[PDB]
Amino acid sequence: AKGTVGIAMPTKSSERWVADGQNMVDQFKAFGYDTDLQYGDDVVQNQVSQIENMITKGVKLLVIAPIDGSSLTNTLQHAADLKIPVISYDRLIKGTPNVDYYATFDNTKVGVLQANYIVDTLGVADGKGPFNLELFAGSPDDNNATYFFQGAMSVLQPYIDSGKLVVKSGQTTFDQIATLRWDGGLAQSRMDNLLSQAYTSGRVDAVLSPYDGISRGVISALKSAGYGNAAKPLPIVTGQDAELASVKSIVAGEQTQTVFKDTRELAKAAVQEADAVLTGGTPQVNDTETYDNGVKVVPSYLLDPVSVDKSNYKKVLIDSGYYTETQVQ
Ligand SMILES: OC[C@H]1O[C@@H](O)[C@H](O)[C@@H](O)[C@H]1O
């Protein structure tokens, strides 16, 4: 009787969104809501058409993780004129007043964690160095990308300024380092060029990777450039999402770090607060200042990310029930 909630996820090609979606379906059912769960396959127009259809089919509320944060303005005016509230999921929808609430992880903190891992492992706080560092950011049309990047830079800045970390390629700006569609292939190709053109001599010691798919593409390029043997070890490579292939890589001593974001917790939060919206309640917010979407600062609820390496992967990922033992093998 409570109706159907539309859930518009960006793609299945990054595995977290499959879990975000399924966990929301199950939690919405627990609250008495049907769902229409759709994946855009990273085609902006597929996601737009999916949302348009949800609106015409009379969903009660939309939960949307945008592919392109600025692509939904006309569509969401249609939602607003049908009185369908909008929850922005994980990534912030920009450029429109028609976003009611934003549920995500603390994206600045994700970046801080990634950068801390590099700094702590290299020992630059003790004066060790210098070390060569290269940088990657996420997709320019994902508002989260600048947060991960600026969060990391808050930690890396003093060491880049002092010369203890050196970006040998000179590629330091968000625009230079952003990776379209978070794509591992494009990341690999960029890393290829950094290694062949900027590292004609010497080696890279750390790579700030903001996402596991990028991490694995970077690692492939490094391997093709002769890293990953005893004579020339892989650099430190960070990550995000604890994708299965990256957990396996971490256990193998290849990728060094990732960041765990428990999709069960974000799904639970989005459903709880969707239900609060639909029943005239007060949605839980813990941040009202950060997430300016270009039109307004969207009331937000930020969950906690957790840094993972080989020393704590079992505790964080297996003992928590997120993965089974054989899932990450
Ligand atoms: O899909 C690539 C990335 O997209 C971000 O927006 C998201 O917060 C990350 O967890 C990762 O999934």
# chains A, B, ... in the order shown; residues from 1 in each chain; ligands from 1
>>> residues_around(residues="residue 116 of chain A", least_positions_apart="3", cutoff="9 Å", atoms="only C-alpha atoms", output="short mmCIF file (atom, residue, chain, number, x, y, z; two decimals) with N, CA, C and O atoms, in the first residue's frame")
data_model
loop_
_atom_site.label_atom_id
_atom_site.label_comp_id
_atom_site.auth_asym_id
_atom_site.auth_seq_id
_atom_site.Cartn_x
_atom_site.Cartn_y
_atom_site.Cartn_z
N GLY A 111 39.73 10.57 1.18
CA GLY A 111 40.98 11.07 0.65
C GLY A 111 42.06 11.19 1.70
O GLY A 111 43.23 10.86 1.44
N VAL A 112 41.70 11.68 2.87
CA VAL A 112 42.65 11.77 3.98
C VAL A 112 43.22 10.38 4.29
O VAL A 112 44.43 10.23 4.50
N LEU A 113 42.36 9.37 4.33
CA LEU A 113 42.83 8.01 4.61
C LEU A 113 43.84 7.51 3.57
O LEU A 113 44.85 6.89 3.91
N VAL A 119 51.76 8.57 3.28
CA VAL A 119 52.66 9.29 4.18
C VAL A 119 53.19 8.39 5.29
O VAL A 119 54.40 8.36 5.53
N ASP A 120 52.31 7.63 5.93
CA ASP A 120 52.72 6.77 7.03
C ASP A 120 53.67 5.69 6.56
O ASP A 120 54.67 5.40 7.21
N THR A 121 53.37 5.08 5.43
CA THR A 121 54.17 3.96 4.95
C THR A 121 55.55 4.42 4.51
O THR A 121 56.56 3.75 4.76
N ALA A 152 42.84 14.22 0.13
CA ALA A 152 44.21 13.70 0.05
C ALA A 152 45.24 14.81 0.03
O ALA A 152 46.26 14.73 0.70
N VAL A 155 46.61 16.38 3.22
CA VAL A 155 47.66 15.62 3.88
C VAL A 155 48.97 15.68 3.10
O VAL A 155 50.04 15.85 3.68
N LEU A 156 48.89 15.56 1.78
CA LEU A 156 50.09 15.50 0.95
C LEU A 156 50.78 16.84 0.77
O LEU A 156 51.99 16.88 0.56
#
>>> closest_atom_pairs(of="chain A", to="ligand 1", cutoff="7 Å", atoms="only C-alpha atoms and all ligand atoms", output="JSON lines")
{"residue": "A:14", "atom": "CA", "partner": "ligand 1", "partner_atom_place_in_ligand_line": "1 (O)", "distance": 5.2}
{"residue": "A:16", "atom": "CA", "partner": "ligand 1", "partner_atom_place_in_ligand_line": "12 (O)", "distance": 6.2}
{"residue": "A:90", "atom": "CA", "partner": "ligand 1", "partner_atom_place_in_ligand_line": "8 (O)", "distance": 5.7}
{"residue": "A:91", "atom": "CA", "partner": "ligand 1", "partner_atom_place_in_ligand_line": "6 (O)", "distance": 5.3}
{"residue": "A:142", "atom": "CA", "partner": "ligand 1", "partner_atom_place_in_ligand_line": "6 (O)", "distance": 5.9}
{"residue": "A:144", "atom": "CA", "partner": "ligand 1", "partner_atom_place_in_ligand_line": "6 (O)", "distance": 5.3}
{"residue": "A:145", "atom": "CA", "partner": "ligand 1", "partner_atom_place_in_ligand_line": "6 (O)", "distance": 6.8}
{"residue": "A:182", "atom": "CA", "partner": "ligand 1", "partner_atom_place_in_ligand_line": "2 (C)", "distance": 5.5}
{"residue": "A:211", "atom": "CA", "partner": "ligand 1", "partner_atom_place_in_ligand_line": "11 (C)", "distance": 5.8}
{"residue": "A:240", "atom": "CA", "partner": "ligand 1", "partner_atom_place_in_ligand_line": "10 (O)", "distance": 6.2}
{"residue": "A:241", "atom": "CA", "partner": "ligand 1", "partner_atom_place_in_ligand_line": "10 (O)", "distance": 5.3}
>>> residues_around(residues="residue 232 of chain A", least_positions_apart="4", cutoff="10 Å", atoms="only C-alpha atoms", output="PyMOL selection string")
chain A and resi 203+223+225-228
>>> closest_residue(among="A:201, A:301, A:278, A:310", to="residue 248 of chain A", atoms="only C-alpha atoms")
A:310
>>> closest_atom_pairs(of="segment 78-163 of chain A", to="segment 19-33 of chain A", cutoff="12 Å", atoms="only C-alpha atoms", output="CSV")
residue,atom,partner,partner_atom,distance
A:89,CA,A:20,CA,9.4
A:90,CA,A:20,CA,9.6
A:103,CA,A:20,CA,11.8
A:104,CA,A:20,CA,11.3
>>> write_last_selection(atoms="N, CA, C and O atoms", output="PDB file, in the first residue's frame")
ATOM      1  N   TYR A  89      22.131   9.741  -3.798  1.00  0.00           N
ATOM      2  CA  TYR A  89      22.764   8.576  -3.191  1.00  0.00           C
ATOM      3  C   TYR A  89      24.227   8.513  -3.578  1.00  0.00           C
ATOM      4  O   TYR A  89      24.563   8.350  -4.752  1.00  0.00           O
ATOM      5  N   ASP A  90      25.068   8.638  -2.564  1.00  0.00           N
ATOM      6  CA  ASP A  90      26.519   8.536  -2.632  1.00  0.00           C
ATOM      7  C   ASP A  90      27.200   9.706  -3.329  1.00  0.00           C
ATOM      8  O   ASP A  90      28.118  10.313  -2.766  1.00  0.00           O
ATOM      9  N   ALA A 103      22.744  11.152   1.044  1.00  0.00           N
ATOM     10  CA  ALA A 103      23.316  10.130   1.907  1.00  0.00           C
ATOM     11  C   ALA A 103      24.593   9.617   1.271  1.00  0.00           C
ATOM     12  O   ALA A 103      24.595   9.220   0.099  1.00  0.00           O
ATOM     13  N   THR A 104      25.685   9.636   2.029  1.00  0.00           N
ATOM     14  CA  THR A 104      26.979   9.312   1.450  1.00  0.00           C
ATOM     15  C   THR A 104      27.940   8.885   2.546  1.00  0.00           C
ATOM     16  O   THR A 104      27.544   8.789   3.717  1.00  0.00           O
TER      17      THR A 104
END
>>> residues_around(residues="segment 41-48 of chain A", least_positions_apart="6", cutoff="9 Å", atoms="only C-alpha atoms", output="number ranges by chain")
A: 8-13, 66-68, 71-72, 75, 181
>>> closest_residue(among="A:117, A:130, A:163, A:105", to="residue 256 of chain A", atoms="only C-alpha atoms")
A:117
>>> select_by_dssp(residues="segment 92-185 of chain A", states="alpha helix (DSSP H)", output="number ranges by chain")
A: 107-122, 144-162, 174-177, 184-185
